[PDB]
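> coordinates only, no sequence provided:
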Ligand SMILES: [K+]
């Protein structure tokens, strides 16, 4: 049964928390914070160069190779938003990480004897645009030799596009790959 | 990195205890039925306009009202997901979902469980997310906090014959408890970077020449209830790992605070309305010790990480193939323990790629019953069922009649508490066993070895413990998997809820007895130890072989 | 210890347990199902099956049957006599031997007939010193019958004929005279059958502690059955799966059979310890429940009274003297077999020390209690000694024609309102006095009743006797509010009311009247001075005559509730530790790398689980010596007593399982049975 | 083919139902 005290209450709750709440929150977001609420896109001209949160493939040399994606259809597919769910004991993860570390060693011959873990292990969402400063600084000389740049100005570029948390223990200091690559493309000319 | 975890846990616990007290006092006013300041007349006008008015109802009327509202919302969501074509706000003409996935999502977004088996960018439309799923999260959170309000009112009411008013309680819950906090955290999500617009899917031209399509949707309006009501299913396949979903570790902290804000506020409200804060601090200390020790071991296992990665040339052997970099590994482990303790399905990181021990301990808190810093309303009455368990275990250990909070407990409460406690281990064991019988569920493997059985056990436990968290990569699009999880979620939450109203009705009809020689003191370190030993050992009794044949086997091998 | 003949008959009753009644006890019936399955797989191995090991499963089945037999043994030792027996009522119904007539007259054609001979319309005489066969109405004549089953009073009542007093219920012993009775009530559904209907149908309710323990057993058994049942499909992902017989062994080993054995070990220890207060306890559940009682129902005649009615004082009139009625009373009680007459003789020596009145040297013409005149006594050559009740006195006065002594009448109704039954003597014209036969109180029960009041037990006296003397006895004994002139059905209704109020009720009595009250009572105490029916019914039989044995009963009940809580602590800890002790044996077979979880390095999983079966068979045996000779007996507060109990018995319930499994596996390994 | 697997499942189901029955009603 239920009658009016059930039906009208459910309609009021649905109306308030499905129309009024998202309408007011959308109005507040668009009125206050449009660039943040629109996806933090990079709009050079009328063509979108990307967004400052997701991250792209960056398979070319001297483009600051990012974290592995391992999404559904293609690498760094934003519509998939899945991750490599491979286990510890899974040999498929071992073969994938061995092939990837072989490719990384072939690409960077004198970066370091070892390799950072985050540059070879896939991210949780498959879309990680942020890299720890030590892993970003691991690949200084290859990018420097590719783009004819100096390690000095390269490390101030990495330091200047660095996001630091409010406190140390809440997370990790990071750098953004996409903004750094667009800065490199702007520094091309 | 050893002390960093201690500072992180201490900071999170202190900010939680700071934020809990005003919301605890407000919620205690909601048990006490005194109107909140500034809302005395407008709520009366609203109740008169809706027609609920004032009508005190007993436990049977309360229970059928709550389940009637939940079933009506279930039918509304099922029809709304079925008719996805005809609804407006479809920038991409997405096909309507199948009957099995529609039933799964309909029973999932109701009853607080909020399990996800799809990817919302290619399956769910705007208007379903914007209208149906958000209000279903709202109604699930309101129903949980209303059922715990009824249980607290049954404890604090002496020799009465009613519990309150169902729709009055739900309105006063979801109009002034969830919505303002939702605004205050959704605007923070927008400030740090989230999506609250209605633009169509946008093409992106990268520097590599491979164009892509950005996901699009009103993210923060769903975030502010997914974290607050501990639901745990987002727009995207990554529940809380997508960059548009959760931008920054500061927002990760706000998400952790929103997940644990409601249950500890309920605990403080219960302590304040009992008249003594000793009970409130007793439950919170009992949950805090388990929370601290279980963020421990998980943190150690995740910083130990992969043994193969150290020998394969990586400088650090830290487990990182299931997490991200903006938030590290310690905060990943903290959020994993939080979301597996609070029955929230929101994963900050891929739980399937964790270390065996550091995935089994969050699975341990997953299996046990979501009672330690638990659901939006589920965890508090889980703790109340387990403390009633500990009360009569102490009573039969002492050889006298067991009473709790000055109220005598008898055989009807005995049987109903036993059923409410043992209904979820029965489901999480029998459904998982049935899944391993069938070749179809065994066809949904991703990781060979014991990890596949661990994935199955995690999925069934997420269904029947009302969590929503998942080892990802399970092909849960099968009709068999969808129907099994659907039935598990349904009978699990409702066969917990119905005995809660049975206990509440059987406690309303009694009276608060005076002090007696055989009355167990219901506070102190002894009672904390008894309660934690009770819940941990009954969970051990019903979950040693299931964990031993899976993740413990993977760790030993 | 208990006598060999009764424990042998009880063990025969144990072997009488079929599966039709085995499902009363759920954990032991689940052990019984597991035993049936392992015996069936053992005889399948004997006939030939897929595996090759048979003697191991045979030993499991044998030790499981030993466990089942001992658990049922202890259960029957505790509650094999808890059911109220109606053997005395059945025997007094089946003795029959009625004197049937075909013509209503004092003599006529009378023959011996059984009880089934009676029907609608019959004529039976009962003469003197026999048993009434059935309920009926008086045709002619007068009879003095002893209302033993009704009102519980041994004092005889005259019935006569042609009035309101023609209803003889049957089963009441006729004292003298003769009577002819018309059988109006059919064989079946008579007064004795209405009594036996709920003397047989007792059905005592379960104590709340026992119900809570049973619920805990069901919960833990559901947990362990769940684990052992889901172990089968969870091992299908391994290289080799778990075996069905070892899964059955896990199912019968994990479940809390220790607490199920404790549920009757407490009762066995209770019946053992009840001999300290000299009470034959036929069931230990009442001994356990004695610590949670709140009321005490009591019967006047037999329990509070010494039994027979005593003589208080000779009350004369103003025209006579103490000697002048004492000599007449002594003459009236010369050839008197009644204990009241012996009391008259005792009071005669207490007052006058009267002698030389020999029973046969003096020509004592004895006139018995007449049917039509209700007068009795002794006649000598010059003095006619008779005595009787006041109505017979007035009839004799009317027959003589003299003036009536209304002063004697107000004296006797004053002492009747006091609570005495009058007995007026007739000599020395109509102005001689009366013997005050009043009820007598036992040895200082008022202080014990005040102690009961201090403890919290509400004493309510219900007897079915006269209201005035019942109130007098309640006032003299310090009893609380009381009931009088109550049927056995009224006593049953009072027991049901006190049970429906929630509190446990204790009933103590001696007669056949309150046999339904003892049958429906929770802690029922019989009396050795009473009849056989009260001793057959109930749960306790007092060896002494003391009615206030319930003080010691409640003290031992509280002490044994404390030790029951201690044993429950030990048993819960034992089962919890045993689960962890024998749980890794399920993992070494299906997974090789989990043997490091085995901790103790057990020789083999089969040996470990067989040791678990041995521990199962041994712990229920060892509980009874542990139930005996307890350690903690002085009361403390709740929190500190729980702390001490949890410490001292959780250490035991943790150390005993691991030590027991290790020791039994070492014994099996050095015996080479693996 | 389930030689005894389905019989075991039926036995566990019936035994669990009996256990719930004994939980509801104090025998
Ligand atoms: K729940």
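Noted; the coordinates are in hand. Residues are numbered from 1 along each chain as shown, chains lettered A, B, ... in the order given.
> please, which helix or strand holds residue 14?
Let's take chain A. helix A:3-15 (DSSP states H and E).
> ah, no, chain B please
For residue B:14, the host element (DSSP H and E) is helix B:2-32.
> so which bits of the helix or strand following that helix are buried?
Next along the chain after helix B:2-32, taking DSSP H and E as the criterion, comes helix B:40-50. Neighbour counts over helix B:40-50 (16 or more other Cβ atoms under 10 Å in any protein chain shown) mark B:43, B:46, B:47, B:50 as buried. Using the backbone N, CA and C atoms, a C-beta is placed for each residue, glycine as well.
> and chain A, is helix B:40-50 touching that?
Yes - contact of helix B:40-50 with chain A (Cβ under 8 Å from any Cβ of the partner chain) involves B:46, B:50.
> count of residues packed around the closest residue to chain D within the stretch 401-550 of chain B?
Proximity of the stretch 401-550 of chain B to chain D (Cβ to the nearest Cβ) peaks at residue B:415, 5.7 Å away. Look at residue B:415: counted by other Cβ atoms under 10 Å in any protein chain shown, it has 22 neighbours.
> work out the gap between whichever helix or strand comes after the helix holding residue A:14 and the centre of the chain.
Going down the chain from helix A:3-15, the next helix or strand is helix A:21-32, by DSSP H and E. Computed by Cα atoms, centre = their mean, to the nearest Å, the chain-centroid distance of helix A:21-32 equals 26 Å.
> who's in contact with stretch B:135-147?
For stretch B:135-147, contacts defined as Cβ atoms under 8 Å, 6 or more residues apart in numbering or on different chains pick out A:13-14, A:17-18, B:27, B:66, B:69-70, B:73, B:77, B:109-112, B:114, B:166, B:169-170, B:173-174, B:177-178, B:222, B:225-226, B:228-231, B:262, B:266, B:375-378, B:381, B:497, B:500-501.
> pull out the buried positions in that stretch.
Counting neighbours by 16+ other Cβ under 10 Å, the buried set in stretch B:135-147 is B:135-147.
> I'd like those as JSON lines, with distance to the ion and secondary structure appended.
Shown next, in JSON lines, are the buried residues of stretch B:135-147 (distance: Cβ to the ion, whole Å; DSSP: H, G, I helix; E, B strand; the rest coil):
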{"residue": "B:135", "distance to the ion": "21", "secondary structure": "helix"}
{"residue": "B:136", "distance to the ion": "17", "secondary structure": "helix"}
{"residue": "B:137", "distance to the ion": "16", "secondary structure": "helix"}
{"residue": "B:138", "distance to the ion": "18", "secondary structure": "helix"}
{"residue": "B:139", "distance to the ion": "16", "secondary structure": "helix"}
{"residue": "B:140", "distance to the ion": "11", "secondary structure": "helix"}
{"residue": "B:141", "distance to the ion": "13", "secondary structure": "helix"}
{"residue": "B:142", "distance to the ion": "16", "secondary structure": "helix"}
{"residue": "B:143", "distance to the ion": "12", "secondary structure": "helix"}
{"residue": "B:144", "distance to the ion": "9", "secondary structure": "helix"}
{"residue": "B:145", "distance to the ion": "13", "secondary structure": "helix"}
{"residue": "B:146", "distance to the ion": "14", "secondary structure": "helix"}
{"residue": "B:147", "distance to the ion": "10", "secondary structure": "helix"}
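> ok, so of those residues, who is nearest chain D?
Comparing the buried residues of stretch B:135-147 against chain D with Cβ to the nearest Cβ places residue B:147 closest, at 22.7 Å.
> now the end-to-end length of stretch B:50-70.
19 Å (Cα to Cα, to the nearest Å).
> buried residues in it, which are they?
B:50, B:52, B:57-59, B:61-67, B:69-70.
> what about that stretch, distance to the chain center?
On Cα atoms, centre = their mean, the centre of stretch B:50-70 falls 24 Å from that of its chain.
> check stretch B:331-345 too.
With Cα atoms, centre = their mean, you get 10 Å for stretch B:331-345.
> show me the contacts for the residue in the stretch 501-650 of chain C that chain A sits nearest to.
In the stretch 501-650 of chain C, the residue that lies nearest chain A is residue C:593 (11.5 Å; Cβ to the nearest Cβ). Taking Cβ under 8 Å, 6+ apart, we find residue C:593 in contact with B:553, B:556, B:557.
> re earlier: could I get the buried residues of stretch B:135-147 as JSON lines with distance to residue B:481?
As requested, the buried residues of stretch B:135-147 are exported to JSON lines (distance: Cβ to Cβ, whole Å):
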{"residue": "B:135", "distance to residue B:481": "26"}
{"residue": "B:136", "distance to residue B:481": "21"}
{"residue": "B:137", "distance to residue B:481": "23"}
{"residue": "B:138", "distance to residue B:481": "27"}
{"residue": "B:139", "distance to residue B:481": "25"}
{"residue": "B:140", "distance to residue B:481": "22"}
{"residue": "B:141", "distance to residue B:481": "26"}
{"residue": "B:142", "distance to residue B:481": "29"}
{"residue": "B:143", "distance to residue B:481": "26"}
{"residue": "B:144", "distance to residue B:481": "26"}
{"residue": "B:145", "distance to residue B:481": "31"}
{"residue": "B:146", "distance to residue B:481": "31"}
{"residue": "B:147", "distance to residue B:481": "29"}
